[PDB]
Each structure stands twice: as C-alpha cells, then as structure tokens.
>>> print(open('input35.cif').read())   # mmCIF, C-alpha atoms
data_upload
loop_
_atom_site.group_PDB
_atom_site.id
_atom_site.type_symbol
_atom_site.label_atom_id
_atom_site.label_comp_id
_atom_site.auth_asym_id
_atom_site.auth_seq_id
_atom_site.Cartn_x
_atom_site.Cartn_y
_atom_site.Cartn_z
ATOM 1 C CA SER J 1 4.792 38.963 25.561
ATOM 2 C CA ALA J 2 6.840 40.459 22.727
ATOM 3 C CA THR J 3 5.402 40.366 19.210
ATOM 4 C CA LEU J 4 8.502 41.652 17.441
ATOM 5 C CA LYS J 5 10.093 38.922 15.328
ATOM 6 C CA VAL J 6 13.864 39.339 15.159
ATOM 7 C CA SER J 7 15.853 37.632 12.412
ATOM 8 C CA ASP J 8 17.835 34.788 14.024
ATOM 9 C CA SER J 9 20.526 36.026 11.630
ATOM 10 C CA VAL J 10 20.997 39.703 10.767
ATOM 11 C CA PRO J 11 23.443 41.395 8.326
ATOM 12 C CA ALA J 12 26.223 43.795 9.302
ATOM 13 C CA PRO J 13 25.046 47.160 10.671
ATOM 14 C CA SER J 14 26.893 48.997 7.905
ATOM 15 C CA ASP J 15 24.882 47.117 5.268
ATOM 16 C CA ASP J 16 21.613 48.012 7.002
ATOM 17 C CA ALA J 17 22.786 51.630 7.146
ATOM 18 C CA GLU J 18 23.599 51.707 3.433
ATOM 19 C CA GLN J 19 20.193 50.231 2.533
ATOM 20 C CA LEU J 20 18.396 52.542 4.932
ATOM 21 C CA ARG J 21 20.322 55.490 3.482
ATOM 22 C CA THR J 22 19.038 54.480 0.039
ATOM 23 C CA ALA J 23 15.505 53.999 1.344
ATOM 24 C CA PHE J 24 15.531 57.470 2.915
ATOM 25 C CA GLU J 25 16.696 59.520 -0.077
ATOM 26 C CA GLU J 26 9.852 52.240 1.754
ATOM 27 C CA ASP J 27 9.138 48.521 2.231
ATOM 28 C CA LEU J 28 12.884 48.367 2.832
ATOM 29 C CA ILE J 29 12.597 50.574 5.909
ATOM 30 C CA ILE J 30 9.969 48.195 7.291
ATOM 31 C CA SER J 31 11.797 45.026 6.313
ATOM 32 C CA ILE J 32 14.878 46.132 8.231
ATOM 33 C CA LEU J 33 13.941 48.157 11.335
ATOM 34 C CA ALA J 34 10.842 46.147 12.198
ATOM 35 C CA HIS J 35 13.033 43.055 12.323
ATOM 36 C CA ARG J 36 15.986 44.207 14.396
ATOM 37 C CA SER J 37 16.465 44.128 18.160
ATOM 38 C CA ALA J 38 16.886 47.361 20.124
ATOM 39 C CA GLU J 39 20.586 46.564 20.417
ATOM 40 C CA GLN J 40 20.935 46.015 16.657
ATOM 41 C CA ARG J 41 18.951 49.194 15.881
ATOM 42 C CA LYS J 42 21.328 51.076 18.185
ATOM 43 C CA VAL J 43 24.340 49.693 16.296
ATOM 44 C CA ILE J 44 22.722 50.549 12.971
ATOM 45 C CA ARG J 45 22.182 54.241 13.828
ATOM 46 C CA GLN J 46 25.726 54.366 15.133
ATOM 47 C CA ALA J 47 27.167 52.918 11.917
ATOM 48 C CA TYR J 48 24.942 55.181 9.868
ATOM 49 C CA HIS J 49 26.295 58.185 11.720
ATOM 50 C CA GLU J 50 29.927 57.125 11.168
ATOM 51 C CA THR J 51 29.325 56.690 7.456
ATOM 52 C CA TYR J 52 27.356 59.875 6.793
ATOM 53 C CA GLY J 53 28.182 62.104 9.750
ATOM 54 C CA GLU J 54 24.459 62.559 10.285
ATOM 55 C CA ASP J 55 21.947 60.736 12.512
ATOM 56 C CA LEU J 56 19.486 58.433 10.711
ATOM 57 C CA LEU J 57 16.642 60.024 12.685
ATOM 58 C CA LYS J 58 17.607 63.657 12.063
ATOM 59 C CA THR J 59 15.046 63.945 9.271
ATOM 60 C CA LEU J 60 12.257 62.573 11.478
ATOM 61 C CA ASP J 61 12.386 64.627 14.671
ATOM 62 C CA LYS J 62 10.435 67.383 12.826
ATOM 63 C CA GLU J 63 6.929 67.717 14.290
ATOM 64 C CA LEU J 64 5.433 68.521 10.880
ATOM 65 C CA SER J 65 5.785 64.735 10.963
ATOM 66 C CA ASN J 66 4.037 62.047 8.926
ATOM 67 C CA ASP J 67 2.528 59.088 10.845
ATOM 68 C CA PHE J 68 4.983 56.686 9.254
ATOM 69 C CA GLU J 69 7.908 58.984 10.101
ATOM 70 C CA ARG J 70 6.567 59.367 13.637
ATOM 71 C CA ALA J 71 6.509 55.598 14.054
ATOM 72 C CA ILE J 72 10.051 55.237 12.709
ATOM 73 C CA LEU J 73 11.211 57.854 15.213
ATOM 74 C CA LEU J 74 9.651 56.329 18.322
ATOM 75 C CA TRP J 75 10.762 52.848 17.284
ATOM 76 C CA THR J 76 14.366 53.649 16.391
ATOM 77 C CA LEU J 77 15.062 55.800 19.451
ATOM 78 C CA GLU J 78 16.386 54.069 22.554
ATOM 79 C CA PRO J 79 13.544 53.213 24.992
ATOM 80 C CA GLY J 80 14.734 55.780 27.505
ATOM 81 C CA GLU J 81 14.893 58.674 25.052
ATOM 82 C CA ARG J 82 11.579 57.625 23.517
ATOM 83 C CA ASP J 83 9.870 57.744 26.892
ATOM 84 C CA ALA J 84 11.544 61.042 27.724
ATOM 85 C CA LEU J 85 10.183 62.446 24.461
ATOM 86 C CA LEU J 86 6.657 61.121 25.113
ATOM 87 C CA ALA J 87 6.691 62.431 28.682
ATOM 88 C CA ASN J 88 7.928 65.812 27.465
ATOM 89 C CA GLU J 89 5.141 66.115 24.883
ATOM 90 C CA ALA J 90 2.577 65.127 27.521
ATOM 91 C CA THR J 91 3.736 67.917 29.822
ATOM 92 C CA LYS J 92 4.027 70.565 27.102
ATOM 93 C CA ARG J 93 0.240 70.619 26.525
ATOM 94 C CA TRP J 94 -1.063 68.885 29.592
ATOM 95 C CA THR J 95 -4.765 68.633 30.423
ATOM 96 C CA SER J 96 -6.639 66.607 33.065
ATOM 97 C CA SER J 97 -7.383 64.165 30.223
ATOM 98 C CA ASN J 98 -3.764 63.342 29.402
ATOM 99 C CA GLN J 99 -2.717 60.155 31.175
ATOM 100 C CA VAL J 100 0.490 59.443 29.242
ATOM 101 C CA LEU J 101 2.635 60.575 32.175
ATOM 102 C CA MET J 102 0.885 57.963 34.354
ATOM 103 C CA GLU J 103 1.306 55.402 31.583
ATOM 104 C CA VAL J 104 5.056 55.890 31.287
ATOM 105 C CA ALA J 105 5.346 55.787 35.080
ATOM 106 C CA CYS J 106 3.297 52.648 35.804
ATOM 107 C CA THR J 107 3.864 50.326 32.838
ATOM 108 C CA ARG J 108 7.644 50.677 33.008
ATOM 109 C CA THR J 109 9.996 48.763 35.268
ATOM 110 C CA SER J 110 11.823 50.866 37.836
ATOM 111 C CA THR J 111 14.954 50.623 35.672
ATOM 112 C CA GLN J 112 13.166 51.726 32.501
ATOM 113 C CA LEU J 113 11.651 54.677 34.337
ATOM 114 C CA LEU J 114 15.122 55.617 35.605
ATOM 115 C CA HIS J 115 16.493 55.493 32.071
ATOM 116 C CA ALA J 116 13.629 57.711 30.999
ATOM 117 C CA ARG J 117 14.512 60.185 33.770
ATOM 118 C CA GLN J 118 18.187 60.159 32.754
ATOM 119 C CA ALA J 119 17.429 60.578 29.062
ATOM 120 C CA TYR J 120 15.189 63.445 30.141
ATOM 121 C CA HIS J 121 18.103 65.147 31.867
ATOM 122 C CA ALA J 122 20.254 64.852 28.745
ATOM 123 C CA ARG J 123 17.682 65.932 26.190
ATOM 124 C CA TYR J 124 15.897 68.677 28.100
ATOM 125 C CA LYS J 125 18.419 69.888 30.720
ATOM 126 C CA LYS J 126 15.727 69.477 33.400
ATOM 127 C CA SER J 127 14.296 66.657 35.482
ATOM 128 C CA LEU J 128 11.008 65.026 34.547
ATOM 129 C CA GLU J 129 9.658 65.838 38.028
ATOM 130 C CA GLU J 130 10.168 69.547 37.764
ATOM 131 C CA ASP J 131 8.367 69.734 34.428
ATOM 132 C CA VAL J 132 5.481 67.524 35.556
ATOM 133 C CA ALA J 133 5.223 69.398 38.848
ATOM 134 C CA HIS J 134 5.513 72.650 36.898
ATOM 135 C CA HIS J 135 2.783 72.056 34.301
ATOM 136 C CA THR J 136 0.189 69.825 36.001
ATOM 137 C CA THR J 137 -2.455 70.855 38.513
ATOM 138 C CA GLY J 138 -4.308 69.855 41.656
ATOM 139 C CA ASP J 139 -4.876 66.195 42.472
ATOM 140 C CA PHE J 140 -3.672 65.262 39.016
ATOM 141 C CA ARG J 141 -0.310 66.766 39.945
ATOM 142 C CA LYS J 142 -0.196 65.060 43.341
ATOM 143 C CA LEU J 143 -0.542 61.608 41.712
ATOM 144 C CA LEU J 144 1.460 62.167 38.530
ATOM 145 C CA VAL J 145 4.452 63.618 40.426
ATOM 146 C CA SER J 146 4.382 60.846 43.034
ATOM 147 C CA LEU J 147 4.239 58.292 40.216
ATOM 148 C CA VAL J 148 7.085 59.633 38.040
ATOM 149 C CA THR J 149 9.491 60.082 40.969
ATOM 150 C CA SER J 150 9.037 56.563 42.321
ATOM 151 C CA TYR J 151 11.851 54.057 42.045
ATOM 152 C CA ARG J 152 9.894 51.012 43.230
ATOM 153 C CA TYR J 153 11.256 47.901 44.835
ATOM 154 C CA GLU J 154 10.656 45.051 42.376
ATOM 155 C CA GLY J 155 11.074 41.906 44.460
ATOM 156 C CA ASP J 156 8.183 39.542 45.228
ATOM 157 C CA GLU J 157 8.017 39.954 49.004
ATOM 158 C CA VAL J 158 4.509 40.574 50.263
ATOM 159 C CA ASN J 159 3.461 41.874 53.648
ATOM 160 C CA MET J 160 -0.022 40.378 53.951
ATOM 161 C CA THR J 161 -0.565 42.130 57.264
ATOM 162 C CA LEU J 162 0.175 45.555 55.773
ATOM 163 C CA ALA J 163 -1.757 44.490 52.696
ATOM 164 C CA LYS J 164 -4.899 44.072 54.803
ATOM 165 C CA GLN J 165 -4.621 47.321 56.756
ATOM 166 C CA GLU J 166 -3.986 49.451 53.686
ATOM 167 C CA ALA J 167 -6.707 47.555 51.830
ATOM 168 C CA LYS J 168 -8.921 48.589 54.704
ATOM 169 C CA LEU J 169 -7.757 52.200 54.478
ATOM 170 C CA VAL J 170 -8.284 52.410 50.721
ATOM 171 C CA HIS J 171 -11.838 51.119 51.192
ATOM 172 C CA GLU J 172 -12.767 53.529 53.970
ATOM 173 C CA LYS J 173 -11.857 56.274 51.462
ATOM 174 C CA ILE J 174 -13.096 55.101 48.079
ATOM 175 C CA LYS J 175 -16.249 54.491 50.149
ATOM 176 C CA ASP J 176 -17.013 58.210 50.747
ATOM 177 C CA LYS J 177 -15.571 58.845 47.291
ATOM 178 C CA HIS J 178 -12.303 60.446 48.404
ATOM 179 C CA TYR J 179 -10.444 59.283 45.296
ATOM 180 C CA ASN J 180 -7.764 61.914 45.851
ATOM 181 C CA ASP J 181 -7.017 60.662 49.346
ATOM 182 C CA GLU J 182 -3.488 61.082 50.656
ATOM 183 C CA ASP J 183 -2.951 57.425 51.598
ATOM 184 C CA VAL J 184 -4.457 56.137 48.365
ATOM 185 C CA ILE J 185 -1.894 58.123 46.401
ATOM 186 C CA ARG J 186 0.895 57.060 48.748
ATOM 187 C CA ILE J 187 0.097 53.346 48.416
ATOM 188 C CA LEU J 188 -0.162 53.382 44.621
ATOM 189 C CA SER J 189 2.997 55.415 44.127
ATOM 190 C CA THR J 190 5.310 53.893 46.726
ATOM 191 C CA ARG J 191 4.398 50.228 47.294
ATOM 192 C CA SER J 192 5.870 47.583 45.003
ATOM 193 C CA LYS J 193 3.605 46.063 42.357
ATOM 194 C CA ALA J 194 3.545 42.717 44.213
ATOM 195 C CA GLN J 195 2.449 44.449 47.421
ATOM 196 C CA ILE J 196 -0.199 46.526 45.602
ATOM 197 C CA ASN J 197 -1.629 43.436 43.922
ATOM 198 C CA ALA J 198 -1.843 41.708 47.300
ATOM 199 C CA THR J 199 -3.469 44.838 48.695
ATOM 200 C CA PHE J 200 -6.244 44.734 46.118
ATOM 201 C CA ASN J 201 -6.666 40.972 46.493
ATOM 202 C CA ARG J 202 -7.321 41.568 50.208
ATOM 203 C CA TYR J 203 -9.543 44.482 49.196
ATOM 204 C CA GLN J 204 -11.719 42.140 47.146
ATOM 205 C CA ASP J 205 -11.828 39.434 49.799
ATOM 206 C CA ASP J 206 -12.448 41.676 52.794
ATOM 207 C CA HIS J 207 -15.199 43.650 51.060
ATOM 208 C CA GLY J 208 -16.676 41.403 48.386
ATOM 209 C CA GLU J 209 -16.244 43.645 45.339
ATOM 210 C CA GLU J 210 -13.178 44.174 43.157
ATOM 211 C CA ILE J 211 -11.361 47.527 43.313
ATOM 212 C CA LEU J 212 -12.133 48.605 39.732
ATOM 213 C CA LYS J 213 -15.750 47.502 40.134
ATOM 214 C CA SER J 214 -15.857 49.687 43.258
ATOM 215 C CA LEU J 215 -14.816 52.727 41.238
ATOM 216 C CA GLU J 216 -17.348 52.028 38.469
ATOM 217 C CA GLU J 217 -20.142 53.635 40.496
ATOM 218 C CA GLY J 218 -18.393 56.999 40.384
ATOM 219 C CA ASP J 219 -19.002 59.844 37.930
ATOM 220 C CA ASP J 220 -17.630 59.217 34.436
ATOM 221 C CA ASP J 221 -16.692 62.843 33.831
ATOM 222 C CA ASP J 222 -14.503 62.947 36.915
ATOM 223 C CA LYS J 223 -11.137 63.100 35.128
ATOM 224 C CA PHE J 224 -9.266 62.291 38.315
ATOM 225 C CA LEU J 225 -11.254 59.083 38.909
ATOM 226 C CA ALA J 226 -10.508 58.163 35.317
ATOM 227 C CA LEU J 227 -6.826 58.755 36.109
ATOM 228 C CA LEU J 228 -6.970 56.724 39.360
ATOM 229 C CA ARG J 229 -8.705 53.914 37.422
ATOM 230 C CA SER J 230 -6.049 53.720 34.724
ATOM 231 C CA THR J 231 -3.351 53.950 37.417
ATOM 232 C CA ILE J 232 -4.713 50.893 39.218
ATOM 233 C CA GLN J 233 -5.026 49.040 35.898
ATOM 234 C CA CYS J 234 -1.473 49.836 34.731
ATOM 235 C CA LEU J 235 0.012 48.749 38.065
ATOM 236 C CA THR J 236 -2.129 45.576 38.099
ATOM 237 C CA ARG J 237 -2.962 44.367 34.575
ATOM 238 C CA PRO J 238 -1.566 46.883 32.025
ATOM 239 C CA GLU J 239 -3.051 45.053 29.025
ATOM 240 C CA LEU J 240 -6.488 46.066 30.294
ATOM 241 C CA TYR J 241 -5.486 49.754 30.106
ATOM 242 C CA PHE J 242 -3.705 49.398 26.766
ATOM 243 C CA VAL J 243 -6.570 47.498 25.129
ATOM 244 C CA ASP J 244 -9.068 50.195 26.086
ATOM 245 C CA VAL J 245 -6.819 52.953 24.711
ATOM 246 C CA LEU J 246 -6.190 50.990 21.517
ATOM 247 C CA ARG J 247 -9.972 50.581 21.206
ATOM 248 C CA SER J 248 -10.603 54.339 21.267
ATOM 249 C CA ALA J 249 -7.690 55.030 18.884
ATOM 250 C CA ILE J 250 -8.782 52.639 16.147
ATOM 251 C CA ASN J 251 -12.419 53.668 16.569
ATOM 252 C CA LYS J 252 -11.116 57.239 16.281
ATOM 253 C CA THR J 253 -13.126 57.993 19.435
ATOM 254 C CA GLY J 254 -10.203 58.989 21.622
ATOM 255 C CA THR J 255 -8.706 62.349 22.506
ATOM 256 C CA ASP J 256 -5.362 60.612 23.009
ATOM 257 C CA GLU J 257 -3.354 61.520 19.925
ATOM 258 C CA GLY J 258 -0.583 59.211 18.760
ATOM 259 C CA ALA J 259 -1.897 56.565 21.117
ATOM 260 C CA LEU J 260 -1.845 53.854 18.447
ATOM 261 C CA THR J 261 1.760 54.512 17.389
ATOM 262 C CA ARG J 262 2.829 54.971 20.999
ATOM 263 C CA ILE J 263 1.316 51.678 22.174
ATOM 264 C CA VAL J 264 2.627 49.559 19.329
ATOM 265 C CA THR J 265 6.162 51.013 19.410
ATOM 266 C CA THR J 266 6.508 51.176 23.212
ATOM 267 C CA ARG J 267 5.142 47.683 23.905
ATOM 268 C CA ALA J 268 6.177 45.617 20.872
ATOM 269 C CA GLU J 269 9.337 44.462 22.635
ATOM 270 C CA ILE J 270 7.539 44.059 25.948
ATOM 271 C CA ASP J 271 3.972 42.771 26.225
ATOM 272 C CA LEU J 272 2.216 43.704 22.966
ATOM 273 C CA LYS J 273 1.500 40.020 22.373
ATOM 274 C CA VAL J 274 -0.577 39.776 25.527
ATOM 275 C CA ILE J 275 -2.143 43.120 24.656
ATOM 276 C CA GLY J 276 -3.092 41.709 21.263
ATOM 277 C CA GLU J 277 -4.646 38.571 22.745
ATOM 278 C CA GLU J 278 -6.742 40.809 24.986
ATOM 279 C CA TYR J 279 -7.644 43.077 22.125
ATOM 280 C CA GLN J 280 -8.912 40.075 20.215
ATOM 281 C CA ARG J 281 -10.990 38.798 23.106
ATOM 282 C CA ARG J 282 -12.480 42.198 23.810
ATOM 283 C CA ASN J 283 -13.278 42.934 20.148
ATOM 284 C CA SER J 284 -13.491 39.560 18.369
ATOM 285 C CA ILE J 285 -11.297 41.056 15.651
ATOM 286 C CA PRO J 286 -7.466 40.651 15.710
ATOM 287 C CA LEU J 287 -5.564 43.902 16.353
ATOM 288 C CA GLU J 288 -3.609 43.725 13.074
ATOM 289 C CA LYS J 289 -6.913 43.462 11.204
ATOM 290 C CA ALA J 290 -8.403 46.454 12.999
ATOM 291 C CA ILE J 291 -5.317 48.464 12.010
ATOM 292 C CA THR J 292 -5.416 47.602 8.288
ATOM 293 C CA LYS J 293 -9.223 47.756 8.271
ATOM 294 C CA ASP J 294 -9.585 50.804 5.985
ATOM 295 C CA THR J 295 -6.079 51.796 4.902
ATOM 296 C CA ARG J 296 -2.831 49.944 4.348
ATOM 297 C CA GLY J 297 -0.091 52.459 3.608
ATOM 298 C CA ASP J 298 3.497 52.385 4.899
ATOM 299 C CA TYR J 299 2.279 53.470 8.346
ATOM 300 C CA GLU J 300 -0.197 50.646 8.827
ATOM 301 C CA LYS J 301 2.379 48.376 7.228
ATOM 302 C CA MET J 302 5.053 49.290 9.776
ATOM 303 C CA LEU J 303 2.686 48.711 12.707
ATOM 304 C CA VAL J 304 1.480 45.269 11.665
ATOM 305 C CA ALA J 305 5.103 44.280 10.998
ATOM 306 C CA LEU J 306 5.968 45.329 14.580
ATOM 307 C CA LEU J 307 3.043 43.134 15.628
ATOM 308 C CA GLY J 308 4.753 40.287 13.805
ATOM 309 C CA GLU J 309 1.906 40.232 11.283
ATOM 310 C CA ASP J 310 3.522 41.713 8.159
ATOM 311 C CA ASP J 311 0.909 40.472 5.676
ATOM 312 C CA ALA J 312 -2.005 41.567 7.845
#
>>> encode(input="input35.cif", output="structure tokens")
Amino acid sequence: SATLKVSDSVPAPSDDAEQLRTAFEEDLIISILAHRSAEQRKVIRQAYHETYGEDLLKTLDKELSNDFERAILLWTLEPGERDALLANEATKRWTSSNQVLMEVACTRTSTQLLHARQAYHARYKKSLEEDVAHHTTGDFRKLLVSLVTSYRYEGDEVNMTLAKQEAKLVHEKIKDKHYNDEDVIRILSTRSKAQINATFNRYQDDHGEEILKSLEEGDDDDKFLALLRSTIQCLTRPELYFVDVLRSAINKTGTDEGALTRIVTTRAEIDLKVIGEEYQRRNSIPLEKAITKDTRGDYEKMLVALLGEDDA
C-alpha cells in the first residue's frame, strides 16, 4: 500500500549529505529524499550531522515555514517524532473540529503510537496524554484521551459472542443518539481492530443497516458525531477517512490545515497507494493530477514524487 519508490541501489549516505548540503545553500532535494527509505534517510541526516555539526532539518523547524520546507520536515523526521510534532500542534490550538489527534491514534499500529508517545516524552518533556487531557474538552476529551492512551492488542482473535453483545449495546445507544455513550467510547478505544470490525459486521447483520449509514441520520454540525464517524472509519477502513480529508484539502474547502502534506508524508510508506486508488474512484481524477492541477512548484513536485508519480 506504499507508493514511495525506493532506489534498489542507493549511494553512500555521505554523498547524499554532500549533495543535500549543496541543494540547501531544488530538484536535487526531491530526487534524493523522495527516493530513500526511512532507514536510509535516518543514516543521511546522521552523516550530514557528522560532516557539518548541524542537523539537516535545523533550517526547517521554523514555523514561518514554506510548504515545501514543511513537507521536507515531516518526511525527513522519524515517524515517531513526526507524529509527536503533529499531535503537539493539534493540542496547541485544539478545537472540536480538529481530529488529527484521533487520526494519529487510530491509523497507527500500536507500536507506531508507542513510538509517537516516546518521541513526545523526549521532545516535549511531557506525555501526550497529559497535553491532550489538558487542552481538550468534554466528550471530545473523553474519546481523544482514551484513543491516544490505548496500546491495542493486534492479533486476529475474534470473540464473536462478545462481538454480538457489544454490537447490541452500541445499537441501543446510537439509536437514541447517545453518540458520547460510555460503552461506545470504551469499545472503540480498547478493543482490537479485528474485534471492532467483527463488532460492526454483527451490527450490520443484526440490525440491517451499516454503522456509518446509521450515523448519517444525525446532525451534520454535531462536531462530536463527526469525530465518532471518523474514528469508526479510521479503525475500520482508514482510506475512506483519508480520501475525504484529501478531497477537502485539494478543493480548499477544509479547515484542516496542512492536511495534504500530512497525509502524503505520513502515509506514503504505509497505505497511500490504496488511498490513491480510492481517491481516483471517488473523484474520477488521479490524486497526483488533482495536486498538480493549478500549480507545479517544488512543493507539488515533492508530493507527486512521494506518490511515485514524479512527472505528474
């Protein structure tokens, strides 16, 4: 599900560092970084630091940051630190509309979320939980906190019996529109993804309609419902959530800033390919084309290259 195309043969890290050093003092930045594995990128920064006694990304942390710079930053950081950074920004100016915390918590494996929590300790001298719990409110806080603290079991075991009872419970609640119900939050934040999927399968069978369809009758301005919706999507079929967010970003309709750069950089090495396929089906136009639709500067260039479509 990865789009990133890594050179089956890459030069020595020191040579990449030298070139990158020259490029930083632009198609050379794309040619290199967008075609290196996370491991190789790690080595490159490391070699760069040894040679110049300065981190390659030092000039990009700045928030008076250019889109292209921003993309380089997110992409060249280690996944854990990147997620810690994204989570931190989400908490700094949180609003009922921000769902990035949920995103990082539900589209990551338990291990990746742990790395994010550890990188968070190192970079911010605090735990992700305390900040989320500190700056979020009401029901939003109850779900977001439960989600970021989880360290889910990832095996395939499924307890069909439990799946049916909890499917029952979730229905009795969504029914009277108690989206913020205690058990609903518990199930989505504690059960494994396999068990949750089985729970919603039983939900659909035992009651006829699909879970998301069920929630479509609710108010569209209910920010919590919107959050619960995305939560269910990200735990079930993430691509569905990512495609919708990509849609609003490109159509400059969203209130989710940096969404485009975040999605491409955070998923390129994971499931961007499947996200792309879905984007194409849902819009008829390939994602790389939608990105280079009006402009094609270094920024758009970097993104399409991460999508494996350099000349798009």
>>> resolve_selection(input="input35.cif", expression="the PyMOL selection byres ((chain J and resi 110-123) around 9)", output="list in words")
residues 79, 80, 81, 82, 83, 84, 85, 87, 88, 104, 105, 106, 108, 109, 124, 125, 126, 127, 128, 129, 148, 149, 150, 151, 152, 153 and 154 of chain J
>>> atom_distance(input="input35.cif", atom1="CA of residue 45 in chain J", atom2="CA of residue 73 in chain J")
11.6 Å
>>> residues_around(input="input35.cif", residues="residue 20 in chain J", least_positions_apart="5", cutoff="10 Å", atoms="all atoms listed in the file", output="PyMOL selection string")
chain J and resi 14-15+25-26+28-30+32-33+44-45+48+56
>>> closest_residue(input="input35.cif", among="J:66, J:236, J:231, J:253", to="residue 100 in chain J", atoms="all atoms listed in the file")
J:231
>>> resolve_selection(input="input35.cif", expression="the PyMOL selection byres ((chain J and resi 141) around 12)", output="ChimeraX atom specification")
/J:91,94-96,98-99,101-102,129-140,142-149,180,185,224,227
>>> residues_near_point(input="input35.cif", point="(6.4, 57.0, 9.3)", cutoff="12 Å", atoms="only C-alpha atoms", output="ChimeraX atom specification")
/J:24,26-27,29-30,33,57,59-76,258,261,265,297-303
>>> resolve_selection(input="input35.cif", expression="the PyMOL selection byres ((chain J and resi 2) around 10)", output="MDAnalysis selection string")
chainID J and resid 1 3:5 267:275 306:308
>>> residues_around(input="input35.cif", residues="residue 47 in chain J", least_positions_apart="2", cutoff="9 Å", atoms="only C-alpha atoms", output="compact mmCIF listing (two decimals) with C-alpha atoms, in the frame of the given file")
# COMPACT_ATOMS: atom_id res chain seq x y z
CA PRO J 13 25.05 47.16 10.67
CA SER J 14 26.89 49.00 7.90
CA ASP J 16 21.61 48.01 7.00
CA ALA J 17 22.79 51.63 7.15
CA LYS J 42 21.33 51.08 18.18
CA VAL J 43 24.34 49.69 16.30
CA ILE J 44 22.72 50.55 12.97
CA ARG J 45 22.18 54.24 13.83
CA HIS J 49 26.30 58.18 11.72
CA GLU J 50 29.93 57.12 11.17
CA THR J 51 29.32 56.69 7.46
CA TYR J 52 27.36 59.88 6.79
>>> closest_residue(input="input35.cif", among="J:305, J:250, J:23, J:187", to="residue 6 in chain J", atoms="all atoms listed in the file")
J:305
>>> residues_around(input="input35.cif", residues="residue 255 in chain J", least_positions_apart="5", cutoff="10 Å", atoms="all atoms listed in the file", output="PyMOL selection string")
chain J and resi 97-98+245+248-249
>>> atom_distance(input="input35.cif", atom1="CA of residue 183 in chain J", atom2="CA of residue 228 in chain J")
12.9 Å
>>> atom_distance(input="input35.cif", atom1="CA of residue 169 in chain J", atom2="CA of residue 244 in chain J")
28.5 Å
>>> residues_around(input="input35.cif", residues="residue 202 in chain J", least_positions_apart="5", cutoff="12 Å", atoms="only C-alpha atoms", output="ChimeraX atom specification")
/J:158-171,195-197,207-211
>>> write_last_selection(input="input35.cif", atoms="C-alpha atoms", output="tab-separated table (two decimals), keeping the file's coordinate frame")
chain	number	residue	atom	x	y	z
J	158	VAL	CA	4.51	40.57	50.26
J	159	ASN	CA	3.46	41.87	53.65
J	160	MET	CA	-0.02	40.38	53.95
J	161	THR	CA	-0.56	42.13	57.26
J	162	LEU	CA	0.18	45.56	55.77
J	163	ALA	CA	-1.76	44.49	52.70
J	164	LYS	CA	-4.90	44.07	54.80
J	165	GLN	CA	-4.62	47.32	56.76
J	166	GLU	CA	-3.99	49.45	53.69
J	167	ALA	CA	-6.71	47.56	51.83
J	168	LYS	CA	-8.92	48.59	54.70
J	169	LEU	CA	-7.76	52.20	54.48
J	170	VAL	CA	-8.28	52.41	50.72
J	171	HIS	CA	-11.84	51.12	51.19
J	195	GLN	CA	2.45	44.45	47.42
J	196	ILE	CA	-0.20	46.53	45.60
J	197	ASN	CA	-1.63	43.44	43.92
J	207	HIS	CA	-15.20	43.65	51.06
J	208	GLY	CA	-16.68	41.40	48.39
J	209	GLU	CA	-16.24	43.64	45.34
J	210	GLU	CA	-13.18	44.17	43.16
J	211	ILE	CA	-11.36	47.53	43.31
>>> closest_residue(input="input35.cif", among="J:188, J:215, J:174, J:259", to="residue 234 in chain J", atoms="all atoms listed in the file")
J:188
>>> decode(input="input35.cif", residues="range 186-197 of chain J", atoms="C-alpha atoms", output="mmCIF file, in the first residue's frame")
data_model
loop_
_atom_site.group_PDB
_atom_site.id
_atom_site.type_symbol
_atom_site.label_atom_id
_atom_site.label_comp_id
_atom_site.auth_asym_id
_atom_site.auth_seq_id
_atom_site.Cartn_x
_atom_site.Cartn_y
_atom_site.Cartn_z
ATOM 1 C CA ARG J 186 -14.785 2.032 25.643
ATOM 2 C CA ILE J 187 -15.294 -0.389 22.742
ATOM 3 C CA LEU J 188 -13.681 1.855 20.127
ATOM 4 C CA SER J 189 -10.694 2.729 22.288
ATOM 5 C CA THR J 190 -9.919 -0.610 23.923
ATOM 6 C CA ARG J 191 -10.965 -3.466 21.614
ATOM 7 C CA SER J 192 -8.548 -4.656 18.940
ATOM 8 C CA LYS J 193 -9.235 -3.642 15.343
ATOM 9 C CA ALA J 194 -10.162 -7.237 14.419
ATOM 10 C CA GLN J 195 -12.689 -7.379 17.263
ATOM 11 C CA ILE J 196 -14.138 -3.951 16.378
ATOM 12 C CA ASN J 197 -14.552 -4.941 12.737
#
